[PDB]
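Trainee: Sharing a structure with you now.
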Amino acid sequence: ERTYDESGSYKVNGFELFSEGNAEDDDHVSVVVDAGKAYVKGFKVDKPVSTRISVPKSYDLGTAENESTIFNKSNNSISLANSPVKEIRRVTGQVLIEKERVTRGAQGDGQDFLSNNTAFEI
Amino acid sequence: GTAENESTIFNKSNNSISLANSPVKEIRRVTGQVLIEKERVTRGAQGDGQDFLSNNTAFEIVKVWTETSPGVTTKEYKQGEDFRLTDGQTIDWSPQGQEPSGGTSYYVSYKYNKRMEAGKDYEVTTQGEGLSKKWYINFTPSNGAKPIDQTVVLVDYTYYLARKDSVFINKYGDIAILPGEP
Amino acid sequence: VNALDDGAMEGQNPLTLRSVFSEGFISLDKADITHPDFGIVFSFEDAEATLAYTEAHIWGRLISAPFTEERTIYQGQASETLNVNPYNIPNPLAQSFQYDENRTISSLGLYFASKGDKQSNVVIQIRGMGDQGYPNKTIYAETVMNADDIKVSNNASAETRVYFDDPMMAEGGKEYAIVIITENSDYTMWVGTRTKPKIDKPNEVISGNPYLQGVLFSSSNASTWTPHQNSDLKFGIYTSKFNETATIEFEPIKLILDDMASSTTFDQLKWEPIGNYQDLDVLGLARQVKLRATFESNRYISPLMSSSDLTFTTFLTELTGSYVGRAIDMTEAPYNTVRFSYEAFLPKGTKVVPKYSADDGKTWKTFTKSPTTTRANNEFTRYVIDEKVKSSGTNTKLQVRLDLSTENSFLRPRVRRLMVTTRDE
Amino acid sequence: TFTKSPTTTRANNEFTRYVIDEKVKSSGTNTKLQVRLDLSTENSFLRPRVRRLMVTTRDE
Amino acid sequence: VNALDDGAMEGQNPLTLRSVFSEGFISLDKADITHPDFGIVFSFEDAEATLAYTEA
Amino acid sequence: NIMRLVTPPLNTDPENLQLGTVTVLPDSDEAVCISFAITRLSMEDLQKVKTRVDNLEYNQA
């Protein structure tokens, strides 16, 4: 009580963090905490030897949608903003069809279906 | 059934646009090209650095300029030597040309694809009844962001599917039904 | 306090003091003048900042004036005419002066021999005088004078009067130069030169120097000045002494019984019609109410508002404007406490709301604490706020703002010696 | 010569900020300081540049 | 940082900031020009120092 | 969160003493480890701070 009320919690020495990457599990990264001494809540905490701990790997995904880029005929490559890409959900882009053969329906003044249902200009 | 990328040219004369499939359940997404005018941007401390736009889907920069009073252009920066668009997110000042001082605010105008919000950017209505019933995207609200004129508007939405079944009777007198493909 | 006096900042990647920001109001380097809300004007002679008049019906006569002028300096001898722009006529000028005491300059007197067309105008400026006795690039006052305002005469009799929106506070023992600039090559001014005959009295000649403590200057770019020792302009400087109160009266005046009750509900000491409003009126449902307004005067009343003919809308304009300082990058020095100190002169009907942002002016916060007050001088008062802005965590960005607003045109606030310091506690 | 590698922070397109923080003396204290930079090239066109040199010392 | 902008130093027994040295590359007072290895040149407009061309 | 915007968790429990933080890169074995442990200041260290304050004051004069 006296210690906490005077100085609170504090470290004396040690407790350095080091990354080792030991393959104990592919879904974890090993971390070493060096030996060291501290006073927590006024109680001494003396550790003679380092302690090993493991953190789980980060696999949570962020979604990028409608990432726009003007296509240029001169340069076909277009870059993606976010670096660690996992998969591309969809790529869409205006395309021109030339000389598509269509059969006139039997009904007069009717409707003939196009091969693609996303058309917008004839 | 899922209808995706259903495309229709937006006209400034006629805001309504129709959906092809009649029994619409829910509109997943409405997207259209929108022009922001006079967006305030703060210059970042790093010289020749990057300043992030409010919207991360931008694809074209119209005008970058500063003003000390309304309507008076102190300077207009030239694109391709003073700044460029990078990743459709940032105004990159890595080009050799001039740039605002660090900490100063400037204006930006740019085009981006906005995901329209129901009951804010557009309202959904209907005219007919039964099989002839239709669904329309009106873009009625005044403050709502409207698509640029003569640009494509893409609508994703789902709709119900009909089913046709066959009735049978066996030698035991048991009437039964086989469900057909929706 | 030391940083307050620096007044310099680099454009590209400036080295900034960590957890310190101060504004001496002596240079534009520390200010984000391009900000949309920036509408403050500096006064470098006083190291102060205030609001300039902006226009955005009946007439009104300023009866009791808010100050009385007196002509302290006057060089009346004239002999010749000098083109304002001698070195560019096909096929600027300045005149130095000084005072032995602290005087409040209110207006200037000049004499023009000829002027340009209707559309032409002349820019009048007061600039400071550098240690080597030459004009410097600092400008303390500026105004634009149209052709119609410039009176002219063939005997140096017409005196055009120049008024500035803010008064020029001339410090005792310091030199100051009047500067006259115009792009038009058809402007001339009377000048007095030693040993030359007087215009109106050719029998007499100018024996001694016209004005001994001043020199006439000329330049082809308003930067390199050629002195004329033997010559001085014919000019006159007026100084002012403010009085206790000032009164305005408006010409006599939606149905009068509703109207007078409706009007006198709004015309009161605390709404934007500030000051002791009065009226007298006439009976029999007569339409002619006559309004009066009285208010406390001070040394910072605008001469240009006093001289100009008022209206009920030019008067009772509520002026607004804000100071915005450049964003400070406190990455390397995170903070969670802010001490905000500033001196502010607040006439009746004015406000100075401090504000800060920790996100490059996306959002502006306000302090919850009330400032502790310490009186600086008769006008100004020191306001200090010390508040833990963040309860947990630490910010990494700082941007200082001050919001100024007025109820009427004549009474405006003034700020100086802005100092902001952050801590991590 | 300092044994630690400098931590780097970019300043602009050209310049980069180099900072070293090292306990030069393990025991005792120095009482004299003189600061130096050695500059070098290996052809006549491409040359280094330096600016905003700041050195400070502490007793820890 | 403040000392970086001073760029003045007295010749005989100067008063110097304790535990601070900073060069703004704006004045030759801080520099030891007479040292044998001194070989840089100043660009006062940019506050920068660099190497000038020399033969052999 | 993305590497530009990731931050460590915010905690105010008195019962725990923070030793540092471990950042993991997105889908990688690599990890960055930094120690931010609060450490004591002996009387010699506080006297050195007092001396540094005196030097700061002297430089200010």
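If you're wondering about the labels, chains in the structure tokens are A, B, ... by order shown, residues count from 1 in each chain, ligands from 1 in order shown.
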For chain D, list the residues within 10 Å of chain C, counting only C-alpha atoms, and write the list as a list in words.
Mentor: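 Here is what falls inside 10 Å: residues 11, 12 and 52 of chain D.
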Trainee: Write out as a list in words which residues come within 10 Å of residue 21 in chain F when counting only C-alpha atoms, dropping same-chain ones fewer than 2 positions away.
Mentor: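 These residues fall inside the cut-off: residues 17 of chain A; 7, 8, 9, 18, 19, 23, 24, 32, 33, 34, 35, 36 and 37 of chain F.
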Trainee: Please report, as CSV, each residue of chain B lying at most 8 Å from chain A, together with the nearest pair of atoms and the separation in Å rounded to one decimal; use only C-alpha atoms, and order rows by chain and ascending residue number.
Mentor:
residue,atom,partner,partner_atom,distance
B:5,CA,A:118,CA,6.6
B:6,CA,A:118,CA,5.3
B:7,CA,A:118,CA,5.6
B:8,CA,A:120,CA,5.5
B:9,CA,A:120,CA,6.5
B:56,CA,A:67,CA,7.6
B:57,CA,A:67,CA,5.1
B:58,CA,A:68,CA,6.5
B:59,CA,A:69,CA,5.4
B:87,CA,A:81,CA,5.1
B:88,CA,A:68,CA,6.8
B:112,CA,A:68,CA,7.6
B:113,CA,A:66,CA,6.8
Trainee: Extract, using only C-alpha atoms, all DNA, RNA and protein residues at most 7 Å from range 44-56 of chain A, discarding same-chain residues fewer than 2 positions from it, and format them as a compact mmCIF listing (two decimals) with N, CA, C and O atoms, in the first residue's frame.
Mentor:
# COMPACT_ATOMS: atom_id res chain seq x y z
N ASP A 27 0.16 -20.63 -37.00
CA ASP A 27 -0.78 -19.56 -36.75
C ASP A 27 -0.41 -18.73 -35.52
O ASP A 27 -1.28 -18.09 -34.93
N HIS A 28 0.87 -18.73 -35.13
CA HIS A 28 1.30 -17.93 -33.99
C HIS A 28 2.72 -17.45 -34.25
O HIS A 28 3.48 -18.09 -34.98
N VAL A 29 3.06 -16.31 -33.65
CA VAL A 29 4.41 -15.76 -33.68
C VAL A 29 4.92 -15.73 -32.25
O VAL A 29 4.31 -15.10 -31.37
N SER A 30 6.03 -16.40 -32.02
CA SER A 30 6.69 -16.46 -30.73
C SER A 30 7.32 -15.12 -30.38
O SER A 30 7.87 -14.43 -31.24
N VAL A 31 7.24 -14.75 -29.10
CA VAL A 31 7.88 -13.55 -28.57
C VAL A 31 8.51 -13.92 -27.23
O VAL A 31 7.91 -14.65 -26.44
N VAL A 32 9.71 -13.41 -27.00
CA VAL A 32 10.47 -13.65 -25.77
C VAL A 32 10.47 -12.37 -24.95
O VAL A 32 10.68 -11.28 -25.50
N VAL A 33 10.24 -12.51 -23.65
CA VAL A 33 10.30 -11.41 -22.70
C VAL A 33 11.48 -11.68 -21.77
O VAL A 33 11.54 -12.74 -21.13
N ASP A 34 12.42 -10.74 -21.69
CA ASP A 34 13.66 -11.00 -20.98
C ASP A 34 13.44 -10.91 -19.47
O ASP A 34 12.52 -10.26 -18.98
N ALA A 35 14.31 -11.61 -18.73
CA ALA A 35 14.25 -11.60 -17.28
C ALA A 35 14.43 -10.18 -16.75
O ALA A 35 15.09 -9.34 -17.37
N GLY A 36 13.84 -9.92 -15.59
CA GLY A 36 13.71 -8.55 -15.12
C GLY A 36 12.93 -8.52 -13.82
O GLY A 36 12.30 -9.50 -13.42
N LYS A 37 12.94 -7.34 -13.20
CA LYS A 37 12.35 -7.11 -11.89
C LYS A 37 11.45 -5.89 -11.94
O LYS A 37 11.79 -4.89 -12.59
N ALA A 38 10.32 -5.95 -11.24
CA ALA A 38 9.40 -4.82 -11.21
C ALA A 38 8.57 -4.87 -9.94
O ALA A 38 8.52 -5.89 -9.24
N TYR A 39 7.93 -3.74 -9.63
CA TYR A 39 7.02 -3.61 -8.50
C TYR A 39 5.64 -3.25 -9.04
O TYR A 39 5.44 -2.13 -9.52
N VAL A 40 4.71 -4.20 -8.99
CA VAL A 40 3.36 -4.03 -9.52
C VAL A 40 2.38 -4.01 -8.35
O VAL A 40 2.33 -4.96 -7.55
N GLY A 42 2.67 -2.40 -5.77
CA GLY A 42 3.45 -2.44 -4.55
C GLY A 42 3.99 -3.80 -4.17
O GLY A 42 4.62 -3.92 -3.11
N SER A 58 -2.50 -12.22 -37.60
CA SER A 58 -3.62 -11.39 -38.02
C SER A 58 -4.13 -11.88 -39.37
O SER A 58 -3.39 -11.87 -40.36
Trainee: Residues of chain A were defined as contacting chain F if any atom lay at most 7 Å from it, counting only C-alpha atoms; please report them as a VMD selection string.
Mentor: chain A and resid 9 to 12 15 to 19 21 29 40 to 41 57 to 59
Trainee: Those selected residues, please, written with N, CA and C atoms and delivered as a compact mmCIF listing (two decimals), in the first residue's frame.
Mentor:
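New file again26.txt:
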# COMPACT_ATOMS: atom_id res chain seq x y z
N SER A 9 3.07 1.83 -9.71
CA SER A 9 3.73 0.72 -10.38
C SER A 9 4.89 1.25 -11.22
N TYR A 10 5.98 0.48 -11.27
CA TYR A 10 7.14 0.87 -12.05
C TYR A 10 8.04 -0.34 -12.26
N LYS A 11 8.86 -0.27 -13.31
CA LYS A 11 9.82 -1.32 -13.63
C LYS A 11 11.17 -0.93 -13.05
N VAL A 12 11.90 -1.93 -12.57
CA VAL A 12 13.27 -1.73 -12.09
C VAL A 12 14.27 -2.00 -13.20
N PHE A 15 12.93 -7.08 -18.73
CA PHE A 15 11.65 -7.17 -19.45
C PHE A 15 11.74 -6.53 -20.84
N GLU A 16 12.81 -6.87 -21.57
CA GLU A 16 12.94 -6.46 -22.97
C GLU A 16 12.23 -7.47 -23.86
N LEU A 17 11.62 -6.97 -24.93
CA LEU A 17 10.88 -7.82 -25.87
C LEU A 17 11.74 -8.14 -27.09
N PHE A 18 11.76 -9.42 -27.46
CA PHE A 18 12.51 -9.92 -28.60
C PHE A 18 11.63 -10.87 -29.39
N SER A 19 11.69 -10.75 -30.71
CA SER A 19 10.97 -11.60 -31.65
C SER A 19 11.89 -12.71 -32.14
N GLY A 21 10.21 -15.96 -33.68
CA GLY A 21 9.56 -16.67 -34.76
C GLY A 21 9.64 -18.18 -34.68
N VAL A 29 3.06 -16.31 -33.65
CA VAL A 29 4.41 -15.76 -33.68
C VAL A 29 4.92 -15.73 -32.25
N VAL A 40 4.71 -4.20 -8.99
CA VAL A 40 3.36 -4.03 -9.52
C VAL A 40 2.38 -4.01 -8.35
N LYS A 41 1.61 -2.93 -8.25
CA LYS A 41 0.68 -2.71 -7.14
C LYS A 41 1.39 -2.77 -5.78
N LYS A 57 -1.55 -14.83 -35.28
CA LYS A 57 -1.38 -14.08 -36.52
C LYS A 57 -2.66 -13.33 -36.89
N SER A 58 -2.50 -12.22 -37.60
CA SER A 58 -3.62 -11.39 -38.02
C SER A 58 -4.13 -11.88 -39.37
N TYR A 59 -5.40 -12.30 -39.41
CA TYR A 59 -6.05 -12.75 -40.63
C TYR A 59 -7.36 -12.01 -40.90
Trainee: Env of residue 96 in chain B: 10 Å cut, atoms = only C-alpha atoms, seq-sep filter 4 positions within chain, self excluded. Answer as a list in words.
Mentor: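 Contacts, with the query itself left out: residues 48, 80, 81, 82 and 83 of chain B; 13 of chain D.
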Trainee: Can you spit out the residues from that selection as a CSV table (one decimal), in the first residue's frame, using N, CA and C atoms?
Mentor:
chain,number,residue,atom,x,y,z
B,48,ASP,N,6.5,17.2,-50.2
B,48,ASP,CA,6.4,16.3,-51.3
B,48,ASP,C,5.6,15.0,-50.8
B,80,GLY,N,0.1,17.2,-63.1
B,80,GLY,CA,1.1,16.5,-63.9
B,80,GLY,C,2.5,17.1,-63.7
B,81,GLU,N,2.6,18.2,-63.1
B,81,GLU,CA,4.0,18.8,-62.8
B,81,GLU,C,4.0,19.3,-61.3
B,82,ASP,N,2.9,19.8,-60.8
B,82,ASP,CA,2.7,20.2,-59.4
B,82,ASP,C,2.2,19.0,-58.5
B,83,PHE,N,1.2,18.3,-59.0
B,83,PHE,CA,0.6,17.2,-58.3
B,83,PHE,C,0.1,16.1,-59.3
D,13,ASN,N,11.4,15.1,-50.6
D,13,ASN,CA,11.7,14.1,-51.7
D,13,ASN,C,13.2,13.9,-51.7
Trainee: What's the separation between CA of residue 281 in chain C and CA of residue 254 in chain C, in Å to one decimal place?
Mentor: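 Separating CA of residue 281 in chain C from CA of residue 254 in chain C is a distance of 15.3 Å.
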Trainee: Assign secondary structure with DSSP using the backbone only, and return the residues of chain F in strand (DSSP E or B) as a PDB file with C-alpha atoms, in the first residue's frame.
Mentor:
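Output below, filename out.pdb:
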ATOM      1  CA  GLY F  20       5.526  -2.798 -24.335  1.00  0.00           C
ATOM      2  CA  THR F  21       3.677  -3.457 -27.569  1.00  0.00           C
ATOM      3  CA  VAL F  22       3.979  -6.075 -30.314  1.00  0.00           C
ATOM      4  CA  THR F  23       2.884  -5.165 -33.844  1.00  0.00           C
ATOM      5  CA  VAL F  24       2.222  -8.050 -36.255  1.00  0.00           C
ATOM      6  CA  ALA F  31       6.665  -8.805 -35.950  1.00  0.00           C
ATOM      7  CA  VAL F  32       7.898  -5.502 -34.498  1.00  0.00           C
ATOM      8  CA  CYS F  33       8.448  -5.405 -30.720  1.00  0.00           C
ATOM      9  CA  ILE F  34       9.009  -2.190 -28.740  1.00  0.00           C
ATOM     10  CA  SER F  35       9.375  -1.711 -24.974  1.00  0.00           C
ATOM     11  CA  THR F  39      11.018   2.707 -15.265  1.00  0.00           C
TER      12      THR F  39
END
Trainee: May I ask you to extract the residues of chain B within 7 Å of chain C, using only C-alpha atoms, and to give them as a list in words?
Mentor: residues 42, 45, 46, 47, 66, 67, 68, 101, 102, 103, 104 and 105 of chain B
Trainee: Give me the chain E side of the contact with chain F, cut-off 9 Å, one line per residue showing its nearest atom pair and distance in Å at one decimal, counting only C-alpha atoms, sorted by chain and residue number, as CSV.
Mentor:
residue,atom,partner,partner_atom,distance
E:16,CA,F:59,CA,8.2
E:17,CA,F:59,CA,5.4
E:18,CA,F:55,CA,6.4
E:19,CA,F:55,CA,8.1
Trainee: Taking N, CA, C and O atoms for each residue, export the selection above as a CSV table (one decimal), in the first residue's frame.
Mentor:
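Okay, part.csv is ready:
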chain,number,residue,atom,x,y,z
E,16,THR,N,28.9,30.3,-24.7
E,16,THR,CA,28.3,29.2,-25.6
E,16,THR,C,27.3,28.4,-24.7
E,16,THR,O,27.5,28.2,-23.5
E,17,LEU,N,26.2,28.0,-25.4
E,17,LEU,CA,25.2,27.2,-24.7
E,17,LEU,C,25.8,25.8,-24.2
E,17,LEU,O,26.4,25.1,-24.9
E,18,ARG,N,25.5,25.6,-22.9
E,18,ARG,CA,26.0,24.3,-22.3
E,18,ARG,C,25.3,23.1,-22.8
E,18,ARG,O,24.0,23.1,-22.8
E,19,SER,N,26.0,22.1,-23.3
E,19,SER,CA,25.5,20.9,-23.8
E,19,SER,C,24.7,21.0,-25.1
E,19,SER,O,23.8,20.2,-25.5
Trainee: List as a PyMOL selection string the protein and nucleic acid residues near residue 50 in chain D, meaning an atom at most 8 Å away when only C-alpha atoms are counted, but skip any in the same chain fewer than 6 places from it.
Mentor: chain E and resi 48-50
Trainee: Provide as an mmCIF file with N, CA and C atoms, in the first residue's frame the residues of chain E at most 12 Å from chain C, counting only C-alpha atoms.
Mentor:
data_model
loop_
_atom_site.group_PDB
_atom_site.id
_atom_site.type_symbol
_atom_site.label_atom_id
_atom_site.label_comp_id
_atom_site.auth_asym_id
_atom_site.auth_seq_id
_atom_site.Cartn_x
_atom_site.Cartn_y
_atom_site.Cartn_z
ATOM 1 N N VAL E 1 16.902 23.933 -31.406
ATOM 2 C CA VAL E 1 16.281 24.488 -32.605
ATOM 3 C C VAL E 1 16.472 26.002 -32.639
ATOM 4 N N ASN E 2 16.123 26.692 -31.541
ATOM 5 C CA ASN E 2 16.332 28.139 -31.468
ATOM 6 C C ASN E 2 17.788 28.508 -31.712
ATOM 7 N N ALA E 3 18.725 27.712 -31.191
ATOM 8 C CA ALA E 3 20.128 28.024 -31.428
ATOM 9 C C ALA E 3 20.515 27.838 -32.888
ATOM 10 N N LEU E 4 19.772 27.009 -33.628
ATOM 11 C CA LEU E 4 20.070 26.775 -35.037
ATOM 12 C C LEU E 4 19.935 28.052 -35.856
ATOM 13 N N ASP E 5 19.064 28.971 -35.437
ATOM 14 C CA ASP E 5 18.807 30.203 -36.170
ATOM 15 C C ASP E 5 19.650 31.385 -35.699
ATOM 16 N N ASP E 6 20.529 31.205 -34.710
ATOM 17 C CA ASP E 6 21.292 32.339 -34.193
ATOM 18 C C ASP E 6 22.347 32.785 -35.195
ATOM 19 N N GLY E 24 23.262 26.343 -38.306
ATOM 20 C CA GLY E 24 22.248 26.679 -39.282
ATOM 21 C C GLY E 24 22.763 26.887 -40.691
ATOM 22 N N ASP E 46 19.796 28.516 -49.346
ATOM 23 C CA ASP E 46 19.183 27.244 -48.996
ATOM 24 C C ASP E 46 19.556 26.768 -47.602
ATOM 25 N N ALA E 47 20.479 27.453 -46.924
ATOM 26 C CA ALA E 47 20.969 27.027 -45.615
ATOM 27 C C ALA E 47 21.543 25.612 -45.675
#
Trainee: If we count only C-alpha atoms, which residues of chain C reach to within 12 Å of chain F? Please list them as number ranges by chain.
Mentor: C: 1-2, 391-394
Trainee: Give me a file of those residues, with C-alpha atoms, as a PDB file, in the first residue's frame.
Mentor:
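Okay, selection.pdb is ready:
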ATOM      1  CA  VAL C   1       7.363  34.151 -24.703  1.00  0.00           C
ATOM      2  CA  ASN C   2      10.605  34.039 -26.713  1.00  0.00           C
ATOM      3  CA  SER C 391      -8.961  12.333 -20.184  1.00  0.00           C
ATOM      4  CA  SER C 392      -7.001   9.297 -21.443  1.00  0.00           C
ATOM      5  CA  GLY C 393      -4.583   8.941 -24.343  1.00  0.00           C
ATOM      6  CA  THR C 394      -2.561  11.687 -26.008  1.00  0.00           C
TER       7      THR C 394
END
Trainee: Give me, please, the distance in Å between CA of residue 79 in chain B and CA of residue 92 in chain B, quoted to one decimal.
Mentor: 10.3 Å
Trainee: Set the cut-off to 8 Å and count only C-alpha atoms: what are the residues of chain D that reach chain F? Output as a PDB file with C-alpha atoms, in the first residue's frame.
Mentor:
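What follows is the written file iface-v8.pdb:
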ATOM      1  CA  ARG D  58      23.193  14.824 -21.628  1.00  0.00           C
ATOM      2  CA  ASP D  59      24.426  13.384 -18.330  1.00  0.00           C
ATOM      3  CA  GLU D  60      22.627  10.058 -17.781  1.00  0.00           C
TER       4      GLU D  60
END
Trainee: Using only C-alpha atoms, determine which residues lie at most 7 Å from residue 59 in chain C, disregarding the query and same-chain residues fewer than 5 positions distant; provide the list as a PyMOL selection string.
Mentor: chain C and resi 250-251+310-312
Trainee: Set the distance at 12 Å and use only C-alpha atoms: which residues neighbour residue 159 in chain C once local chain neighbours fewer than 4 positions away are removed? I'd like the list as an mmCIF file with N, CA, C and O atoms, in the first residue's frame.
Mentor:
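As written to disk, result_2.cif reads:
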data_model
loop_
_atom_site.group_PDB
_atom_site.id
_atom_site.type_symbol
_atom_site.label_atom_id
_atom_site.label_comp_id
_atom_site.auth_asym_id
_atom_site.auth_seq_id
_atom_site.Cartn_x
_atom_site.Cartn_y
_atom_site.Cartn_z
ATOM 1 N N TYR C 74 2.392 70.211 -40.366
ATOM 2 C CA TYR C 74 1.876 70.879 -41.558
ATOM 3 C C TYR C 74 3.034 71.564 -42.267
ATOM 4 O O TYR C 74 3.565 72.561 -41.767
ATOM 5 N N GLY C 76 3.412 73.652 -45.398
ATOM 6 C CA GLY C 76 2.520 74.374 -46.292
ATOM 7 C C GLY C 76 3.168 74.985 -47.516
ATOM 8 O O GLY C 76 2.477 75.354 -48.471
ATOM 9 N N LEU C 108 -4.779 61.869 -42.836
ATOM 10 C CA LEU C 108 -3.693 62.533 -43.539
ATOM 11 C C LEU C 108 -4.240 63.638 -44.431
ATOM 12 O O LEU C 108 -5.340 63.516 -44.978
ATOM 13 N N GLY C 109 -3.419 64.667 -44.662
ATOM 14 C CA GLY C 109 -3.760 65.679 -45.645
ATOM 15 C C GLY C 109 -2.738 65.772 -46.760
ATOM 16 O O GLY C 109 -1.545 65.951 -46.502
ATOM 17 N N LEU C 110 -3.202 65.629 -48.002
ATOM 18 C CA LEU C 110 -2.367 65.709 -49.191
ATOM 19 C C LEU C 110 -2.901 66.778 -50.131
ATOM 20 O O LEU C 110 -4.047 67.221 -50.014
ATOM 21 N N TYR C 111 -2.041 67.203 -51.056
ATOM 22 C CA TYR C 111 -2.401 68.174 -52.080
ATOM 23 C C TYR C 111 -1.981 67.639 -53.441
ATOM 24 O O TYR C 111 -0.810 67.307 -53.650
ATOM 25 N N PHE C 112 -2.947 67.556 -54.356
ATOM 26 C CA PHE C 112 -2.748 67.047 -55.704
ATOM 27 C C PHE C 112 -2.885 68.172 -56.722
ATOM 28 O O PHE C 112 -3.832 68.962 -56.653
ATOM 29 N N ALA C 113 -1.943 68.259 -57.652
ATOM 30 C CA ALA C 113 -1.988 69.280 -58.692
ATOM 31 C C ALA C 113 -2.881 68.861 -59.857
ATOM 32 O O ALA C 113 -3.512 69.720 -60.484
ATOM 33 N N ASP C 149 -12.734 61.303 -55.012
ATOM 34 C CA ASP C 149 -12.245 61.709 -53.702
ATOM 35 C C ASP C 149 -11.023 62.617 -53.786
ATOM 36 O O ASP C 149 -10.793 63.399 -52.859
ATOM 37 N N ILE C 150 -10.238 62.538 -54.858
ATOM 38 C CA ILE C 150 -9.026 63.343 -54.984
ATOM 39 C C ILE C 150 -9.454 64.706 -55.520
ATOM 40 O O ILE C 150 -9.871 64.825 -56.675
ATOM 41 N N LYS C 151 -9.375 65.727 -54.668
ATOM 42 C CA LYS C 151 -9.549 67.106 -55.100
ATOM 43 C C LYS C 151 -8.245 67.630 -55.694
ATOM 44 O O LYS C 151 -7.160 67.116 -55.405
ATOM 45 N N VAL C 152 -8.353 68.657 -56.548
ATOM 46 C CA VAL C 152 -7.214 69.118 -57.330
ATOM 47 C C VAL C 152 -7.331 70.638 -57.380
ATOM 48 O O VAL C 152 -8.395 71.206 -57.125
ATOM 49 N N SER C 153 -6.219 71.304 -57.681
ATOM 50 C CA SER C 153 -6.230 72.762 -57.737
ATOM 51 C C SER C 153 -4.939 73.249 -58.382
ATOM 52 O O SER C 153 -3.902 72.581 -58.313
ATOM 53 N N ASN C 154 -5.008 74.437 -58.983
ATOM 54 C CA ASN C 154 -3.864 75.041 -59.654
ATOM 55 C C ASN C 154 -3.058 75.964 -58.748
ATOM 56 O O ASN C 154 -2.108 76.593 -59.225
ATOM 57 N N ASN C 155 -3.393 76.042 -57.452
ATOM 58 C CA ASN C 155 -2.659 76.869 -56.501
ATOM 59 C C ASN C 155 -2.437 76.140 -55.181
ATOM 60 O O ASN C 155 -2.235 76.783 -54.144
ATOM 61 N N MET C 189 1.624 65.924 -57.917
ATOM 62 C CA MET C 189 1.495 66.440 -56.563
ATOM 63 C C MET C 189 2.400 67.647 -56.371
ATOM 64 O O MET C 189 3.511 67.695 -56.907
ATOM 65 N N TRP C 190 1.911 68.615 -55.601
ATOM 66 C CA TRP C 190 2.713 69.779 -55.252
ATOM 67 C C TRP C 190 3.853 69.372 -54.331
ATOM 68 O O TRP C 190 3.675 68.550 -53.426
ATOM 69 N N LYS C 234 4.028 68.828 -49.716
ATOM 70 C CA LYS C 234 3.082 69.682 -49.008
ATOM 71 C C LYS C 234 2.017 68.753 -48.436
ATOM 72 O O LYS C 234 1.218 68.183 -49.188
ATOM 73 N N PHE C 235 2.013 68.584 -47.115
ATOM 74 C CA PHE C 235 1.143 67.609 -46.478
ATOM 75 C C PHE C 235 0.773 68.070 -45.076
ATOM 76 O O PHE C 235 1.325 69.034 -44.538
ATOM 77 N N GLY C 236 -0.147 67.322 -44.466
ATOM 78 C CA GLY C 236 -0.621 67.617 -43.126
ATOM 79 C C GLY C 236 -1.150 66.390 -42.414
ATOM 80 O O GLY C 236 -2.049 65.724 -42.936
ATOM 81 N N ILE C 237 -0.624 66.083 -41.226
ATOM 82 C CA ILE C 237 -1.007 64.892 -40.473
ATOM 83 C C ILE C 237 -1.861 65.334 -39.294
ATOM 84 O O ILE C 237 -1.482 66.255 -38.554
#
